[PDB]
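Below: the structure, in structure tokens.
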Amino acid sequence: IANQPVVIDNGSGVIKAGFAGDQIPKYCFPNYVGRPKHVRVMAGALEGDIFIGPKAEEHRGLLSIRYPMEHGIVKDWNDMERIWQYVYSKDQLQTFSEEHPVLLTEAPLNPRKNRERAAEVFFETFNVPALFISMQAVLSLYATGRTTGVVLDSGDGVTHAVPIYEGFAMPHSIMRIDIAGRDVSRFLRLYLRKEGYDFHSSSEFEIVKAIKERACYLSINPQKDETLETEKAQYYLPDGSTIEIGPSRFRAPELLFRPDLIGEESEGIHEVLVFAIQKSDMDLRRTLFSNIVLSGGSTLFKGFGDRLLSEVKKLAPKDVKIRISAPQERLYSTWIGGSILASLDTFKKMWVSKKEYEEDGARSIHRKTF
Amino acid sequence: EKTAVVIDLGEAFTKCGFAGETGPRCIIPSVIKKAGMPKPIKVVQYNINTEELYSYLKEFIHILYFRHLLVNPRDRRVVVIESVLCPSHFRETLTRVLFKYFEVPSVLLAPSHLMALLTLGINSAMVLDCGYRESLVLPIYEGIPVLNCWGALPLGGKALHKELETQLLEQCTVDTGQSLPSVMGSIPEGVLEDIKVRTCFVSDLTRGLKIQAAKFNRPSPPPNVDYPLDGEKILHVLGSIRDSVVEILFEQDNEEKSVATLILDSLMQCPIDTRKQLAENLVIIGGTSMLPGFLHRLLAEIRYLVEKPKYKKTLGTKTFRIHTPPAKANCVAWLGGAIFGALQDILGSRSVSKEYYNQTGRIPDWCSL
Amino acid sequence: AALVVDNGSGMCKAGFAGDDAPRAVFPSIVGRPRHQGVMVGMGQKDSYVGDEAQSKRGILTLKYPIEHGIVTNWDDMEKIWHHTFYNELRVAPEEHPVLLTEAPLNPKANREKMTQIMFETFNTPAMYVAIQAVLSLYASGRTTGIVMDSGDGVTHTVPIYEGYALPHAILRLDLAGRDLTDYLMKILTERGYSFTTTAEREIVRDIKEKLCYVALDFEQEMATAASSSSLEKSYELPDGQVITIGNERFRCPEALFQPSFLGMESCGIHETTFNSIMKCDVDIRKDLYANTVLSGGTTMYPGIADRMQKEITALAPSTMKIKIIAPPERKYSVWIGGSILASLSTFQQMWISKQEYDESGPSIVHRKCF
Ligand SMILES: Nc1ncnc2c1ncn2[C@@H]1O[C@H](COP(=O)(O)OP(=O)(O)OP(=O)(O)O)[C@@H](O)[C@H]1O
Ligand SMILES: Nc1ncnc2c1ncn2[C@@H]1O[C@H](COP(=O)(O)OP(=O)(O)O)[C@@H](O)[C@H]1O
Ligand SMILES: Nc1ncnc2c1ncn2[C@@H]1O[C@H](COP(=O)(O)OP(=O)(O)O)[C@@H](O)[C@H]1O
């Protein structure tokens, strides 16, 4: 439709949205499916479970929250539908799918089935007449203005390091890791359990995620500071309970680069990036070292970029000038680029109309997708 | 040669005996009967002064070897049957009592499921420990205890005791000296535990459905015997009461949180090999599991939960053959410690040397260095 | 009498001189667990050789020193060899001379490293290394022929005209079935069959050997297979998962016919072989048309000879008749070719003894190559 397109700052752990012309996604909130902690068979319980925002931010020791998109894999389709309806409501969208164009953003390693199922809901339940599915790295590049670059993202579990020069669709250059702060905080609370602090409920763990986003960092001398005797600064919960953190405040996030004791011997995206470097060529590599972009929310850490700088410095050889662009709104960079893409006229032709979806569907998705 | 000191531990108890000892020499709880103090002060304490604990350790360990051993352990090693999640600093306080205070030769820390694997003499295993206050599932990949796949939840008998006191608030027909609903303030949970030992029978799965009917829209309260306490305190408890406390172990409405949920999902993170492996490589430990009519009703519900929508596809058709403990499931862990300390003197190298703790003052745990 | 040791790029094969069945039929793959905070499981190995790694494949990190045949850490394969002796034949390498395999365009340092392991380490009385394609044509019983050799790690067509050196047309090509398996698990990931480790790769390479065949008209067969829902055959895996493969079976080997799928900047296998053909005398290439020696165990495919044949036939003149030489035992004909090759009179003199090596150093590898 010829209206203001819905610019969505999508995501497995944090999904926000706004519109074109807006400089910020008008309603910032994360990805979560908030169900009660009790049997809602008896009347007078937390039924409906459509608890997004203040409803979820209301009941704490009463909500067992769920998460649909797990590393780009969404299974709580109907829960996504009610979250959509929450957005479609006058608290977030104030309009309808038919009333406004919608823009969908994605990342690699996304099976076609997720795209098809989501498009089914978006063109059948909701009916966007002007809907397009896209990436997120493109939008981050739009925000940075660059087109040439080793774009990285640090989502909740979304981590793709694909070197993309001048917007070149290079699928063989795909280097996507599907893990981030999510499981990091999960075993960080396992450390808390190692020192007697159980957080089994979702909200009980959501507070831990608030610590992850609040009191967690990257000690650039991980084994040195680990060997150094910690001091364990005390954290204070919404309950105000005194909780020391210390080594664990940087252990589990430094463990991303050094997955030594995980079992899932991951890489720490710098290794994956070196693999992507190998995929590229020295003439382009030399340029792309300076062309490195970061995104997502897990990038937010004290000593984050500098630790990874030290990592690649230990990795890259001499006379290798590397530059890693990373603003402060890596999350919004996607949304900013979504507004930029919304401002594109080619994008108008890039989107699939509702009728076009009715004509082909999945084939139209994966053919007109790019 | 020498019989290493095999010491069982845990939230509730602390047992011990020689290396290869076949038999419960004694059973000590995880508390210390403090002199002057009318109640036995516990040891399972967190975010607490490790110095008063150090005193408890010195005295308690001293008289402890005098209880189970009646002789100084400075000649042989000490098998320390630990388990993960305990404060490693507290564990080092234990270590300093050992080396820095009693000067024991050398010790070694090992989890319970490891000794369970020693008992079965197998390599891969999907074992759950029915701890006192908690639940503890631990998968093994051919002798390798799986890290990312596990089970650990505050799902033990302590919460059930809280539920029992709630029932005491509800069901209380304590005669005069004739109802007296919880007129008496505190309850001795240890006495309540032995009451459960002599009373808590466990029903059927269909009776579990009867308990579900008792929740909304009552069947078969017998077998049920009243309880007379000394001092004219006699009260009756239905069998449906204790069975309700057993059945509430699987409340998954809107939260999907239970025992089988933990087990199933722990297997969900396992790979293809480990799936069928742990299906056949299956055992269950913990004392709390030893309930009359609970393991088979339990197992039946486990097999029932295999029919949960996300599990027929994924797991589904897998033979869940379970190993059995040759003795009491609780003592079987201590028995596995006895198994290790019995014929493995060669593994003193793996045992934490006193020398290292002397020249170090610490022990780096499973972290760097 | 001697030691006919084959070094398969995937699995392995071995035996004495003149042995008929390969004894060391085991995976020539290296594996180690996640050496972490846990203790040993009743005492066990560190490295896991083949079947041992294949056994406990859920944790043992399936690796390779082999880089399309290029062994990086020779320690791995040499310990594997020691155990291979003391596994299959339990014979020391010092009493029987050894026979090894090789592929053209191999850095000589590899073979010299190998050589010094056999002498300095294994103390073999004599030794020899030759190309697998020679054993293939040896098993055929010819001397004139284009031996299209195809290992599951590499590929190299070998044009020969009466056992003569024609290396200008002989071209190594790092074409592995593992590469196809890479792309295969990738396309499976978008098919909902999202799997990551190498254990998954082992299962699906066996599935590749199960149902992945070679069609005849890839696009037409692709459209019909898209319509042939029954062709999308299923198989309930060792785990509770089942599969669905109709296109995938032949969709995956088209990467060999089309480097475009991987962006190999090469030519398809059929015309690649034809390019190697184009580097010769066309009138002796006539014999090579008749000498269509399809070899290498990675050619055991359904509908592959007619495919390849038809392709090059379209490239060839009408009079230039393709005459396929491809026994299904070509996989074993490598090791069996070496096994019966050991029984050659001249070969019992053609050797590299202890003092012959020591007194010549690694330089003797050059003239003692073939
Ligand atoms: N039935 C089958 N269907 C499809 N492919 C098969 C089948 N049987 C064998 N293969 C192919 O054979 C390959 C392994 O054979 P091959 O002899 O090339 O192993 P190798 O380790 O490379 O031996 P070498 O290095 O000595 O050549 C596999 O990659 C597989 O693709
Ligand atoms: N300060 C922080 N420290 C660690 N992780 C963070 C921080 N801020 C955000 N994150 C993580 O990044 C995620 C947000 O990034 P985003 O790209 O929106 O993730 P997704 O795309 O998975 O929703 C959050 O879900 C959280 O896991
Ligand atoms: N025969 C039994 N029946 C029921 N519960 C038991 C039995 N034996 C022990 N238990 C309980 O099971 C738990 C296991 O004992 P223990 O090893 O001391 O547990 P933990 O390691 O949590 O302390 C204890 O709470 C104990 O009270």
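In the structure tokens, chains take the letters A, B, ... in the order shown, each chain's residues start at 1, and ligands count up from 1 in the order shown.
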Exercise answer, chain B residues close to chain A, 12 Å and only C-alpha atoms, as JSON, numbers by chain
{"B": [44, 45, 46, 47, 48, 83, 84, 85, 86, 87, 88, 89, 90, 91, 134, 141, 144, 145, 146, 147, 148, 149, 150, 151, 152, 153, 154, 155, 212, 215, 216, 217, 248, 250, 251, 252, 253, 254, 255, 256, 257, 258, 262, 269, 270, 271, 310, 362, 363, 364, 365, 366, 367, 368, 369]}
Please, which residues of chain C lie no more than 12 Å from chain A when the count uses only C-alpha atoms, and can they be set out as number ranges by chain?
C: 33-38, 58-61, 182-183, 185-197, 259-264
Atom CA of residue B:133 to atom CA of residue A:67, distance in Å rounded to a single decimal
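Value for the atom CA of residue B:133-atom CA of residue A:67 distance: 28.5 Å.
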Need to verify the contact set: residue B:43, 7 Å, only C-alpha atoms, exclusion of same-chain residues closer than 6 positions in sequence. Can you return it as number ranges by chain?
B: 30-32
Please provide as a count of residues only all residues within 12 Å of residue A:338, with the sequence filter that same-chain residues fewer than 6 positions apart are discarded (counting only C-alpha atoms).
37
Hey, what's within 9 Å of stretch 150-164 of chain C if we count only C-alpha atoms and toss same-chain stuff fewer than 5 positions away? As a ChimeraX atom specification, please?
/C:8-10,66-69,103-104,132-134,142-145,169-179,272-273,276-277,280,284-285,287-288,294-299,331
Could the residues in this selection be saved with C-alpha atoms as a PDB file, in the first residue's frame?
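The result, stored in selection-v8.pdb:
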ATOM      1  CA  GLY C   8      42.691 -43.792   1.462  1.00  0.00           C
ATOM      2  CA  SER C   9      41.610 -40.168   1.589  1.00  0.00           C
ATOM      3  CA  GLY C  10      38.489 -41.245   3.502  1.00  0.00           C
ATOM      4  CA  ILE C  66      44.780 -34.804   5.453  1.00  0.00           C
ATOM      5  CA  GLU C  67      44.010 -31.706   3.418  1.00  0.00           C
ATOM      6  CA  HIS C  68      42.550 -33.401   0.331  1.00  0.00           C
ATOM      7  CA  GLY C  69      45.344 -35.863   0.906  1.00  0.00           C
ATOM      8  CA  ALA C 103      48.627 -38.396  -5.961  1.00  0.00           C
ATOM      9  CA  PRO C 104      50.312 -36.085  -8.523  1.00  0.00           C
ATOM     10  CA  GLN C 132      46.851 -45.046  -7.026  1.00  0.00           C
ATOM     11  CA  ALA C 133      45.858 -44.676 -10.694  1.00  0.00           C
ATOM     12  CA  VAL C 134      48.764 -46.917 -11.660  1.00  0.00           C
ATOM     13  CA  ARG C 142      46.625 -52.060 -19.337  1.00  0.00           C
ATOM     14  CA  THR C 143      49.449 -49.620 -19.975  1.00  0.00           C
ATOM     15  CA  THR C 144      47.731 -47.260 -22.449  1.00  0.00           C
ATOM     16  CA  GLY C 145      44.861 -45.354 -20.967  1.00  0.00           C
ATOM     17  CA  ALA C 169      47.855 -33.645 -19.203  1.00  0.00           C
ATOM     18  CA  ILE C 170      47.707 -35.329 -15.788  1.00  0.00           C
ATOM     19  CA  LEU C 171      46.122 -32.811 -13.430  1.00  0.00           C
ATOM     20  CA  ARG C 172      45.491 -33.107  -9.710  1.00  0.00           C
ATOM     21  CA  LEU C 173      42.145 -31.761  -8.606  1.00  0.00           C
ATOM     22  CA  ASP C 174      41.175 -31.495  -4.942  1.00  0.00           C
ATOM     23  CA  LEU C 175      37.666 -32.766  -5.501  1.00  0.00           C
ATOM     24  CA  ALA C 176      36.432 -34.548  -2.424  1.00  0.00           C
ATOM     25  CA  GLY C 177      33.177 -36.229  -1.636  1.00  0.00           C
ATOM     26  CA  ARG C 178      33.561 -34.359   1.639  1.00  0.00           C
ATOM     27  CA  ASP C 179      33.122 -31.123  -0.310  1.00  0.00           C
ATOM     28  CA  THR C 272      37.703 -31.190 -17.004  1.00  0.00           C
ATOM     29  CA  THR C 273      38.738 -34.674 -18.004  1.00  0.00           C
ATOM     30  CA  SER C 276      43.113 -33.043 -19.797  1.00  0.00           C
ATOM     31  CA  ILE C 277      42.335 -34.970 -22.967  1.00  0.00           C
ATOM     32  CA  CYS C 280      47.515 -34.636 -26.068  1.00  0.00           C
ATOM     33  CA  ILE C 284      46.278 -41.464 -29.553  1.00  0.00           C
ATOM     34  CA  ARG C 285      43.389 -39.762 -27.776  1.00  0.00           C
ATOM     35  CA  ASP C 287      42.632 -44.897 -28.017  1.00  0.00           C
ATOM     36  CA  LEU C 288      41.952 -42.867 -24.909  1.00  0.00           C
ATOM     37  CA  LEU C 294      36.670 -44.576 -14.957  1.00  0.00           C
ATOM     38  CA  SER C 295      38.517 -45.194 -11.713  1.00  0.00           C
ATOM     39  CA  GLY C 296      38.633 -44.135  -8.099  1.00  0.00           C
ATOM     40  CA  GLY C 297      36.239 -45.417  -5.466  1.00  0.00           C
ATOM     41  CA  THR C 298      34.407 -42.078  -5.558  1.00  0.00           C
ATOM     42  CA  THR C 299      32.931 -43.113  -8.880  1.00  0.00           C
ATOM     43  CA  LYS C 331      37.747 -48.842  -4.949  1.00  0.00           C
TER      44      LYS C 331
END
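Note that the spacing between atom CA of residue A:165 and atom CA of residue A:341 amounts to 17.9 Å.
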List the spatial neighbours of residue B:74 as a list in words - criterion: any atom at most 12 Å away, only C-alpha atoms, same-chain residues fewer than 6 positions off excluded.
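With the cut-off at 12 Å, the set is residues 2, 3, 4, 5, 62, 65, 98, 99, 101, 102, 103, 104, 105, 106, 107 and 354 of chain B.
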Produce a file of the selected residues containing N, CA, C and O atoms, as a JSON list (two decimals), in the first residue's frame.
[["chain", "number", "residue", "atom", "x", "y", "z"],
["B", 2, "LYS", "N", 46.57, -50.28, 52.21],
["B", 2, "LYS", "CA", 45.80, -49.35, 53.03],
["B", 2, "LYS", "C", 44.42, -49.17, 52.41],
["B", 2, "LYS", "O", 44.27, -49.20, 51.18],
["B", 3, "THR", "N", 43.41, -49.00, 53.25],
["B", 3, "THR", "CA", 42.04, -48.83, 52.79],
["B", 3, "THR", "C", 41.67, -47.36, 52.88],
["B", 3, "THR", "O", 41.41, -46.85, 53.97],
["B", 4, "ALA", "N", 41.64, -46.70, 51.71],
["B", 4, "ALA", "CA", 41.30, -45.29, 51.59],
["B", 4, "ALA", "C", 39.95, -44.98, 52.22],
["B", 4, "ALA", "O", 39.04, -45.81, 52.27],
["B", 5, "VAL", "N", 39.83, -43.76, 52.73],
["B", 5, "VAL", "CA", 38.63, -43.33, 53.43],
["B", 5, "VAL", "C", 37.57, -42.88, 52.43],
["B", 5, "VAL", "O", 37.63, -41.77, 51.90],
["B", 62, "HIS", "N", 37.08, -34.65, 62.77],
["B", 62, "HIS", "CA", 37.80, -35.36, 63.81],
["B", 62, "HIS", "C", 36.95, -36.48, 64.38],
["B", 62, "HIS", "O", 37.24, -37.67, 64.21],
["B", 65, "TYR", "N", 35.93, -39.23, 61.78],
["B", 65, "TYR", "CA", 36.77, -40.39, 61.57],
["B", 65, "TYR", "C", 36.71, -41.25, 62.81],
["B", 65, "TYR", "O", 36.91, -42.46, 62.74],
["B", 98, "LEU", "N", 41.88, -30.82, 55.80],
["B", 98, "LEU", "CA", 42.55, -32.07, 55.48],
["B", 98, "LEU", "C", 44.06, -31.99, 55.54],
["B", 98, "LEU", "O", 44.71, -32.60, 56.39],
["B", 99, "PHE", "N", 44.60, -31.20, 54.63],
["B", 99, "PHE", "CA", 46.03, -31.03, 54.54],
["B", 99, "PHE", "C", 46.56, -30.07, 55.58],
["B", 99, "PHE", "O", 47.42, -30.43, 56.38],
["B", 101, "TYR", "N", 45.21, -28.98, 58.22],
["B", 101, "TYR", "CA", 44.90, -29.24, 59.62],
["B", 101, "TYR", "C", 45.12, -30.68, 60.03],
["B", 101, "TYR", "O", 45.72, -30.92, 61.08],
["B", 102, "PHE", "N", 44.65, -31.65, 59.26],
["B", 102, "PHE", "CA", 44.89, -33.01, 59.71],
["B", 102, "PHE", "C", 46.09, -33.65, 59.03],
["B", 102, "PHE", "O", 46.58, -34.67, 59.53],
["B", 103, "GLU", "N", 46.58, -33.05, 57.95],
["B", 103, "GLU", "CA", 47.75, -33.54, 57.21],
["B", 103, "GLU", "C", 47.51, -34.95, 56.70],
["B", 103, "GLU", "O", 48.28, -35.88, 56.96],
["B", 104, "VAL", "N", 46.41, -35.12, 55.97],
["B", 104, "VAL", "CA", 46.05, -36.41, 55.40],
["B", 104, "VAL", "C", 46.99, -36.60, 54.21],
["B", 104, "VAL", "O", 47.53, -35.60, 53.72],
["B", 105, "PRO", "N", 47.26, -37.84, 53.75],
["B", 105, "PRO", "CA", 48.18, -38.04, 52.62],
["B", 105, "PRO", "C", 47.80, -37.33, 51.33],
["B", 105, "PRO", "O", 48.55, -36.47, 50.86],
["B", 106, "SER", "N", 46.64, -37.67, 50.78],
["B", 106, "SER", "CA", 46.13, -37.07, 49.56],
["B", 106, "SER", "C", 44.67, -37.47, 49.45],
["B", 106, "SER", "O", 44.25, -38.49, 49.99],
["B", 107, "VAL", "N", 43.91, -36.64, 48.76],
["B", 107, "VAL", "CA", 42.49, -36.84, 48.57],
["B", 107, "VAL", "C", 42.16, -36.64, 47.10],
["B", 107, "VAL", "O", 43.02, -36.27, 46.29],
["B", 354, "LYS", "N", 49.03, -33.61, 48.66],
["B", 354, "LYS", "CA", 49.14, -32.64, 49.73],
["B", 354, "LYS", "C", 50.20, -31.62, 49.39],
["B", 354, "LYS", "O", 50.01, -30.42, 49.63]]
As a quick test: using only C-alpha atoms and all ligand atoms, which residues lie no more than 6 Å away from ligand 2? Give them as a list in words.
residues 11, 12, 13, 14, 15, 154, 155, 156, 157, 158, 181, 182, 212, 213, 214, 296, 297, 298, 300, 301 and 331 of chain A
Quick one: which residues from chain C are at most 7 Å off chain B, using only C-alpha atoms, as a PyMOL selection string?
chain C and resi 37-38+40-42+58+238-241
Can you spit out the residues from that selection as a PDB file, in the first residue's frame, using N, CA and C atoms?
ATOM      1  N   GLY C  37      37.548 -30.581  32.034  1.00  0.00           N
ATOM      2  CA  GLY C  37      37.534 -30.748  33.481  1.00  0.00           C
ATOM      3  C   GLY C  37      37.146 -32.100  34.043  1.00  0.00           C
ATOM      4  N   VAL C  38      36.438 -32.904  33.252  1.00  0.00           N
ATOM      5  CA  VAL C  38      36.042 -34.224  33.697  1.00  0.00           C
ATOM      6  C   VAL C  38      37.257 -35.144  33.705  1.00  0.00           C
ATOM      7  N   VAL C  40      38.984 -39.233  33.345  1.00  0.00           N
ATOM      8  CA  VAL C  40      38.986 -40.277  32.331  1.00  0.00           C
ATOM      9  C   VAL C  40      37.862 -41.269  32.600  1.00  0.00           C
ATOM     10  N   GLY C  41      37.393 -41.914  31.537  1.00  0.00           N
ATOM     11  CA  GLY C  41      36.356 -42.904  31.692  1.00  0.00           C
ATOM     12  C   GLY C  41      37.017 -44.258  31.785  1.00  0.00           C
ATOM     13  N   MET C  42      37.296 -44.681  33.023  1.00  0.00           N
ATOM     14  CA  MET C  42      37.943 -45.948  33.379  1.00  0.00           C
ATOM     15  C   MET C  42      39.287 -46.158  32.681  1.00  0.00           C
ATOM     16  N   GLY C  58      30.052 -39.167  18.877  1.00  0.00           N
ATOM     17  CA  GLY C  58      29.347 -38.000  19.387  1.00  0.00           C
ATOM     18  C   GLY C  58      30.224 -36.960  20.052  1.00  0.00           C
ATOM     19  N   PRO C 238      19.709 -43.281  12.467  1.00  0.00           N
ATOM     20  CA  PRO C 238      19.955 -43.954  13.753  1.00  0.00           C
ATOM     21  C   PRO C 238      19.253 -43.223  14.882  1.00  0.00           C
ATOM     22  N   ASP C 239      19.242 -41.903  14.824  1.00  0.00           N
ATOM     23  CA  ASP C 239      18.477 -41.120  15.763  1.00  0.00           C
ATOM     24  C   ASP C 239      17.052 -41.092  15.234  1.00  0.00           C
ATOM     25  N   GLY C 240      16.103 -40.696  16.088  1.00  0.00           N
ATOM     26  CA  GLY C 240      14.683 -40.608  15.752  1.00  0.00           C
ATOM     27  C   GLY C 240      14.276 -39.855  14.494  1.00  0.00           C
ATOM     28  N   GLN C 241      15.215 -39.106  13.927  1.00  0.00           N
ATOM     29  CA  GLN C 241      15.022 -38.339  12.715  1.00  0.00           C
ATOM     30  C   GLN C 241      14.893 -39.276  11.511  1.00  0.00           C
TER      31      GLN C 241
END
With DSSP run on the backbone, what are the alpha helix (DSSP H) residues within stretch 76-242 of chain B? I'd like them as a count of residues only.
57
